[PDB]
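**Q** Protein chains in written order, with PDB author numbering: chain G, 57 to 152; chain D, 210 to 269, 278 to 442, 451 to 457; chain I, 5 to 110; chain E, 114 to 163. Virtual Cβ for every residue (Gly too), placed ideally from N, Cα, C.
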Amino acid sequence: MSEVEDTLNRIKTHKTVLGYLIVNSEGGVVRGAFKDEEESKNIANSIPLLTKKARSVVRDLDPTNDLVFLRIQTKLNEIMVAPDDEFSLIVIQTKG
Amino acid sequence: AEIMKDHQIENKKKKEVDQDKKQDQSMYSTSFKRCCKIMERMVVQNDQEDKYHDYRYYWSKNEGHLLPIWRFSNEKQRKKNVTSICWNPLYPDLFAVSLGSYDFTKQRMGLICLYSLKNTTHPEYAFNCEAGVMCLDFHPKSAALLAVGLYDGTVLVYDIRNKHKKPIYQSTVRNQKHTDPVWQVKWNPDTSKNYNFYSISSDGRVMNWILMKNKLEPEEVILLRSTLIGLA
Amino acid sequence: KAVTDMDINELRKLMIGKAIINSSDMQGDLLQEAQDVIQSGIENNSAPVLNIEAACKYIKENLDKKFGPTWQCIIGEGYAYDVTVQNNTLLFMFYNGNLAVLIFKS
Amino acid sequence: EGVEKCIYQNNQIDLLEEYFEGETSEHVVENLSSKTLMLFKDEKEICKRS
Numbered sequence: 057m058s059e060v061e062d063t064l065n066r067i068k069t070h071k072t073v074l075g076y077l078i079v080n081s082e083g084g085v086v087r088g089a090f091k092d093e094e095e096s097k098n099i100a101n102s103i104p105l106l107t108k109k110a111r112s113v114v115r116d117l118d119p120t121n122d123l124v125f126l127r128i129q130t131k132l133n134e135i136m137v138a139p140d141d142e143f144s145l146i147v148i149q150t151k152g
Numbered sequence: 210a211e212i213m214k215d216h217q218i219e220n221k222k223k224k225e226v227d228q229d230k231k232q233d234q235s236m237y238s239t240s241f242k243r244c245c246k247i248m249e250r251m252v253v254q255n256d257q258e259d260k261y262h263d264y265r266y267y268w269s278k279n280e281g282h283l284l285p286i287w288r289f290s291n292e293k294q295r296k297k298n299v300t301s302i303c304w305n306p307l308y309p310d311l312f313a314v315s316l317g318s319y320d321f322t323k324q325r326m327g328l329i330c331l332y333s334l335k336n337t338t339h340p341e342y343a344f345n346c347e348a349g350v351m352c353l354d355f356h357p358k359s360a361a362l363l364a365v366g367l368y369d370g371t372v373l374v375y376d377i378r379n380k381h382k383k384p385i386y387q388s389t390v391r392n393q394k395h396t397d398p399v400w401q402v403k404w405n406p407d408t409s410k411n412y413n414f415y416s417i418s419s420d421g422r423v424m425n426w427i428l429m430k431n432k433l434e435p436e437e438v439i440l441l442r451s452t453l454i455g456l457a
Numbered sequence: 005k006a007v008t009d010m011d012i013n014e015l016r017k018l019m020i021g022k023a024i025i026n027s028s029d030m031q032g033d034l035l036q037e038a039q040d041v042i043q044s045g046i047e048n049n050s051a052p053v054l055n056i057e058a059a060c061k062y063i064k065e066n067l068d069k070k071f072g073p074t075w076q077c078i079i080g081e082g083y084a085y086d087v088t089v090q091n092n093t094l095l096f097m098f099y100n101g102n103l104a105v106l107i108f109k110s
Numbered sequence: 114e115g116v117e118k119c120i121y122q123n124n125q126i127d128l129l130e131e132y133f134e135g136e137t138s139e140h141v142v143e144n145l146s147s148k149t150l151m152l153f154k155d156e157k158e159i160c161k162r163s
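And the structure:
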């Protein structure tokens, strides 16, 4: 298919995006498209724990209602994560 | 889990066959597609936030002011003209533009683009056709039904729901297709006699098309028609 | 209807006397004894509003007389623990809704 | 005033809405086929028998 593998190529090519990284449910790197490897390795380990911890937050308040999309916003950067059961998509977009 | 065991009524589907294949595109397919699509839009949203904050409530005595916000285009598709545009009657965000060729002497293929206000970068749906698409329309009741008219007066019908993206229906010479082009095409709001699709050609015959199972039934409504030659 | 009609606030209200076991390091026969005592114990001293101290006063004393002298039992809505225990001395069963019961013998 | 700012942005568009989510093709053209399963026939008869 062109459709997932093209959209993922499109959001990378898109201006003011550092890189898109797919995390496996077992905290593993399927695709990692950042500049420096330290950042990509760091993002691969650190962020999927925040999303699991942030999933337990929304879950406690209402255990029917599951996480569909998490967006953190830092001083310099934004961090946006779209979690699913099979895979999790992560991006880092610099604020305009 | 114990409640589902207690009450086995409508057992949970989505069986774990997945995609698999080890390497070279593993899954990357249907729950994950949603997450990819949502991510794209939300990445755009952050870069266009300045324009999106304006779009909703900028709020722009006998004076008017018009503000252009976004332009949706494609560099491959700069040759073709916009011709007809239409909005989906169900969804006020999703609109469809139908790119075709004017000026007669120059004639190329036409691609129908369904741009969502959600994602302004590229279309939500593409549809390659044989000639330039002149007229496009949406059926007021079911917005999936898409009415298409293009050169050689061929009448096309599409469903947005269908994934394959080929035409659901087509008009042929055996189904009495009008010659030359089809400038305008509209849906009949009435759904008592299946689905009535209306078309006009430059040949000058107002044609009523009815949707049937693997066939299109044409009916000549009126003829346009003086010391001249042919039909008006 | 069935699972779709059932919401969390309906599921909890529909059924209070349900029972669900997560872990079970203790032997098959000794669980049957304890499970009956803790369920009957909590419901007794549930009172108008659930006294979590009162529940674990009753369970502590019962499980001291029944088995061994140094038996430790804690209940709660939600918590994290690591607890060194003897072999086949530990049961973890949560009651319906928002009640997590850890019982062990130190 | 910092949260009011974030409410406004999300209220502009739903952004998670899927156009024609769930509902299938519905009416789809089905061509009328006739699959010949099996032929019967007589073997080495004097002339043919209708």
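Pick from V124(G), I148(G) and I128(G): whose alpha carbon is nearest that of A138(G)?
**A** Reading the first sequence from its first residue, position 82 is the one you call residue 138(G). Ranking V124(G), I148(G) and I128(G) by Cα distance to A138(G) puts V124(G) first.
**Q** DSSP has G366(D) in a bridge; who is on the other side?
**A** Position 149 of the second sequence, counted from the start, is the residue given in the question as residue 366(D). Looking at the DSSP assignment, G366(D) forms a beta bridge with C352(D) and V372(D).
**Q** Please report how far the alpha carbon of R265(D) lies from the alpha carbon of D122(G), in whole angstroms.
**A** Working through the second sequence from its first residue, we reach residue 265(D) at position 56. Working through the first sequence from its first residue, we reach residue 122(G) at position 66. Going from the Cα of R265(D) to the Cα of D122(G) covers about 29 Å.
**Q** I'd like to confirm the pairing. Which residues does DSSP put opposite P139(G) in its beta bridges?
**A** Position 83 of the first sequence, counted from the first residue, corresponds to residue 139(G). Its beta-bridge partners are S144(G).
**Q** Quick one: what does DSSP say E211(D) is sitting in, helix, strand or coil?
**A** As a first step, residue 211(D) must be located in the second sequence, where it is residue number 2. Helix, per DSSP.
**Q** Return the first residue and the last residue of the alpha helix (DSSP H) that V423(D) is part of.
**A** Mapped onto the second sequence, residue 423(D) falls at position 206. That residue, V423(D), is in no alpha helix (DSSP H); its beta strand (DSSP E) goes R422 to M429.
**Q** At a cut of 8 Å, does the stretch 354 to 363 of chain D reach the stretch 302 to 314 of chain D through at least three beta carbon pairs?
**A** Verdict: yes, contact present.
**Q** For the stretch 211 to 227 of chain D, which residues have a beta carbon sitting closer than 9 Å to at least one beta carbon of chain G?
**A** Residues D227.
**Q** How far does the beta strand (DSSP E) with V402(D) in it extend, from its first residue to its last?
**A** Taking the second sequence and counting its residues from 1, one reaches residue 402(D) at position 185. Note, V402(D): beta strand (DSSP E), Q401 to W404.
**Q** Quick one: which chain G residues come within Cβ less than 9 Å of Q234(D)?
**A** Within the second sequence, residue 234(D) is the residue found at index 25, counting from 1. Going along chain G in sequence order, the residues near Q234(D) (Cβ under 9 Å) are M57, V60 and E61.
**Q** Measure the Cβ-Cβ separation of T389(D) and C352(D) and say whether it is below 9 Å.
**A** Against the second sequence, residue 389(D) aligns to sequence position 172. Against the second sequence, residue 352(D) aligns to sequence position 135. Contact: no.
**Q** Work out the CA separation of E434(D) and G421(D) for me, nearest whole Å.
**A** The residue you call residue 421(D) lines up with position 204 of the second sequence. The residue you call residue 434(D) lines up with position 217 of the second sequence. Between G421(D) and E434(D), the C-alpha separation is close to 19 Å.
**Q** Write down the C-beta distance between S81(G) and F143(G) rounded to the nearest angstrom, noting that I regard them as a contact closer than 8 Å.
**A** Along the first sequence, one-based indexing puts residue 81(G) at 25. Along the first sequence, one-based indexing puts residue 143(G) at 87. At roughly 7 Å, the Cβ-Cβ gap stays under 8 Å, so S81(G) and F143(G) are in contact.
**Q** Determine the direct distance from the alpha carbon of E117(E) to that of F98(I), and round the result to whole angstroms.
**A** The residue given as residue 98(I) occupies position 94 in the third sequence. The residue given as residue 117(E) occupies position 4 in the fourth sequence. Near 41 Å, if we compare the C-alpha coordinates of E117(E) and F98(I).
**Q** Count the C-beta pairs between the stretch 53 to 68 of chain I and the stretch 35 to 45 of chain I that are closer than 8 Å, then say yes if the count reaches three, no if not.
**A** These segments touch.
**Q** If the cut is a Cβ gap below 8 Å, which residues of chain G does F241(D) touch?
**A** One-based indexing of the second sequence puts residue 241(D) at position 32. Chain G residues near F241(D): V60, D140, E142, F143 and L145.
**Q** Look at the alpha carbon of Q149(G) and the alpha carbon of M30(I), and state the distance between them as a whole number of angstroms.
**A** Counting from 1 along the first sequence, the entry for residue 149(G) is found at position 93. Counting from 1 along the third sequence, the entry for residue 30(I) is found at position 26. Between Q149(G) and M30(I), the C-alpha separation is close to 52 Å.
**Q** When you compare the CB positions of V438(D) and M424(D), do they come within less than 9 Å of one another, or not?
**A** Residue mapping note: residue 438(D) aligns to position 221 of the second sequence, counting from 1. Residue mapping note: residue 424(D) aligns to position 207 of the second sequence, counting from 1. In this structure, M424(D) lies closer than 9 Å to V438(D) by Cβ.
**Q** Counting only beta-carbon atoms, is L311(D) nearer than 9 Å to chain E?
**A** One-based indexing of the second sequence puts residue 311(D) at position 94. Output row for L311(D): interface = yes.
**Q** Can you name the start and end residues of the alpha helix (DSSP H) that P104(G) belongs to?
**A** Counting from 1 along the first sequence, the entry for residue 104(G) is found at position 48. That run of the alpha helix (DSSP H) goes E93 to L117.
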